[PDB]
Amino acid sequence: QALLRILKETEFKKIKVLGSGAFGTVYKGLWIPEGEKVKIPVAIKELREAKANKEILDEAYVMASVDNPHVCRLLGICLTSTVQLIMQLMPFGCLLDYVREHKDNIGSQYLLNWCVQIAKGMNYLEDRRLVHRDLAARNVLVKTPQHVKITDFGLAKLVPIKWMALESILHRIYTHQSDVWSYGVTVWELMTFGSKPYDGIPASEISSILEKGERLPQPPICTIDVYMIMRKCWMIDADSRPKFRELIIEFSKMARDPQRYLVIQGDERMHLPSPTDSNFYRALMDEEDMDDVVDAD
């Protein structure tokens, strides 16, 4: 209970629109502590579609309860006719827009370290018996280039076909195994530098082509071993899909020799930050706990 703070409307203000999605509008905001004169920047998500507040609050307590360096915690809530969710502000934005804007300068060690971190987050959520149901590059937030976090779980509970497991499309079944499917699509988005999955295919026909065996194609930089994993994520038989613990191991092993599983021109020019740059980044933007990025042997 002590992890969710109930904000009052006068305590905070919206100052800029950061974008919008299926479930609401995200704003940059400013949190005015009562009696103080400081302006603390936040991210506010205002839901869409104004006794349901008990429901909403009880899921908000679960969202506020997640303590993992690769999943964003819900910090606070304001309950007016539109529910408002307050979270930490990530000025780098989402990983989808990050990889699109850096399509010509992202090195192999970044890409592989991101999928390790996304797996760690999803593994934590699976250990909590929590199903995300909307994993995608757009829903991974860049806190620093070296540290990314999953966002927006639980929002679906209270339609992204091209990221959905087949059984989710046909039968609205969501498990940790269908999250693994969306993880595969997420990895594919990153390895393609933000391509749209199944570009040119109507979403209404995705379940037809999936049943016939068709899958997203092999990104030009992915070796065979990396494409295998992604394909193992899209198995029809969910119980045959890898588990999140397995993906951590697999992507950490590849991150220890990144230039053997990703082939990208200029890959030499693009290693992880110096110890110096990492200390500087962390002191200004990221002082929370974290397991170190896996470096090449």
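Each residue number is its position in the shown sequence, starting from 1.
- Compared against other deposited entries of this protein, residue 52 counts as often unmodelled, lacking coordinates in at least a third of those that resolve the residues around it.
- Where the other entries of this protein model the residues before and after it, residue 157 is dropped from at least a third of them.
- According to the entry, the deposited sequence places 10 or more unmodelled residues between residue 158 and residue 159.
- Going from residue 38 to residue 39, the model skips none of the deposited residues; the chain is continuous there.
- Of the two segments examined, 88 to 96 and 199 to 207, it is 199 to 207 that shows the higher average Cα temperature factor in the deposited entry.
- In this crystal structure, the stretch out of 78 to 86 and 223 to 231 whose C-alpha atoms carry the higher mean B factor is 78 to 86.
- The PDB entry gives the largest Cα B-factor of the residues 63, 42, 270, 249 to 270.
- Of all the options 242, 258, 29, 266, the entry's greatest CA B-factor is assigned to 266.
- Residue 153: CA B factor lies in the highest third for its chain, per the PDB record.
- Among the modelled residues of its chain, residue 166 has a C-alpha B-factor that falls in the middle third, as given in the PDB entry.
- Looking at the C-alpha B-factors along this chain, the one for residue 140 belongs to the lowest third.
- Among all modelled residues in its chain, residue 57 ranks in the highest third by Cα B-factor.
- Among the modelled residues of the chain, residue 147 sits in the lowest third by CA temperature factor in this PDB entry.
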